[PDB]
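Close look at the chain arrangement
What follows is the residue order along each chain.
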Protein chains: 2
Amino acid sequence: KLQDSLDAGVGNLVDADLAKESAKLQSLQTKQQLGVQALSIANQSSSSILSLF
Amino acid sequence: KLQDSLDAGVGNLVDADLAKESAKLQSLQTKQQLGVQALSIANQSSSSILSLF
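Per the deposited record, cryo-EM is how this structure was determined, to a resolution of 3.4 Å.

As structure tokens, this is what we get:
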């Protein structure tokens with residue numbers, strides 16, 4: 001009984017909750033795709049100066 | 001006779017009715033599968049923002 005309790009306790013200490021990581025993972029994949037499109041949008045700055053000359 | 005009565009009484013106090021737990025267990029397994037599908041549906045929110053840019 002004691003060994004079972006100790007194993008359960010250690011798991012209680014250092015186990016994750018995968019349901020939260022799934023949501024966070026989805027949000028982060030969307031956010032990274034968005035940050036890439038945002039960076040690509042920001043990159044094309046200063047490209048308009050050529051038209052001035 | 002008295003010892004038999006005392007055992008029966010203690011059982012009356014602290015015994016379960018397994019027929020109710022069976023029904024509750026079935027309902028809870030269905031409800032958990034449903035809550036998982038619901039969570040998975042809710043997770044995919046905010047995934048549409050990418051199409052805007």
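From this point, things continue past the structure.
Of regular secondary structure, chain A possesses 3 helices and 0 strands. Taken from the N to the C terminus, the helices and strands of chain A come in the order α-α-α. On C-alpha atoms alone, chain A measures out to a radius of gyration of 24 Å, which is more than a quarter above the 10 Å that the 2.2 N^0.38 rule sets for 53 residues. With the C-alpha coordinates aligned to their principal axes, the bounding extent of chain A is approximately 85 × 15 × 5 Å. Here chain A holds 53 residues, and the buried ones make up 4% of them. Each charge class in chain A was averaged separately, 4 positive and 5 negative side chains, and the resulting centres sit 11 Å apart.

Right, let's get into the side chain of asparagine 43 of chain B. Along the chain, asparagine 43 of chain B turns up in helix α2 (residues 18–43). Among all residues touching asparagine 43 of chain B, those that are not within four sequence positions of it are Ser22, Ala23 and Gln26 of chain A.

Once that is clear, we can look at the interface of chain B and chain A. Taken together, the contacts link 7 residues of chain B with 8 residues of chain A. In total, about 670 Å² of surface goes out of reach between chain B and chain A, with carbon and sulfur atoms giving 74% of it. Taken as a group, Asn43, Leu50 and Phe53 of chain B account for 68% of the area that chain B buries against chain A, more than any other trio of residues on that side. For the pair chain B and chain A, the interface holds 0 salt bridges. Linking chain B with chain A are 0 residue pairs in polar contact. When contributions to the side of chain B that touches chain A are tallied by element, the ones reaching two or more residues are α2 and α3 (49–52) of chain B.

Residues and elements named next belong to chain B. Tracing the chain through its elements places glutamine 32 in helix α2. Owing to a relative accessible area of 55%, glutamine 32 belongs among the exposed residues under this scheme. Distance from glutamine 32 to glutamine 44, taken between C-alpha atoms, is 19 Å for residues 12 residues apart in sequence.

Analysis parameters
Residue labels reflect position in each chain's written sequence, counted from 1, rather than necessarily the entry's numbering. Residues lacking coordinates are not shown. Key to labels: chains lettered from A, ligands numbered from 1, both in the order written. All reported values concern the displayed chains, which form part of a larger assembly. Note that the side-chain values use all heavy atoms of the structure and ignore hydrogens as well as water. A helix here means a DSSP run of H or I that spans at least four residues, while a strand means a run of E at least two residues long, and both kinds are numbered starting from the N terminus. Radius of gyration here is computed from C-alpha atoms only, and the compact-globule reference equals 2.2 Å multiplied by the residue count raised to the power 0.38. Buried means the residue's accessible area, taken with a 1.4 Å probe over protein chains only, is under 20% of the maximum for its type, while exposed means over 50%, and partly exposed covers the values in between. Counted as positive: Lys and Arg. Counted as negative: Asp and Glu. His and the chain ends are not counted at all. Charge positions are represented by NZ for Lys, CZ for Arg, CG for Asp and CD for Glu. In what follows, a contact means two residues having at least one pair of non-hydrogen atoms within 4.5 Å. Buried area, as used here, totals the accessible surface that two parts lose on assembly, with accessibility defined by a 1.4 Å probe and the loss added over both. Salt bridge, as used here, is a side-chain nitrogen of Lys or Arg placed within 4 Å of a carboxyl oxygen of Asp or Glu. Between N or O atoms, a polar contact is any pair within 3.5 Å; within protein, one atom must be a potential hydrogen donor and the other a potential acceptor, and residues adjacent in sequence are included only when both atoms are from side chains.

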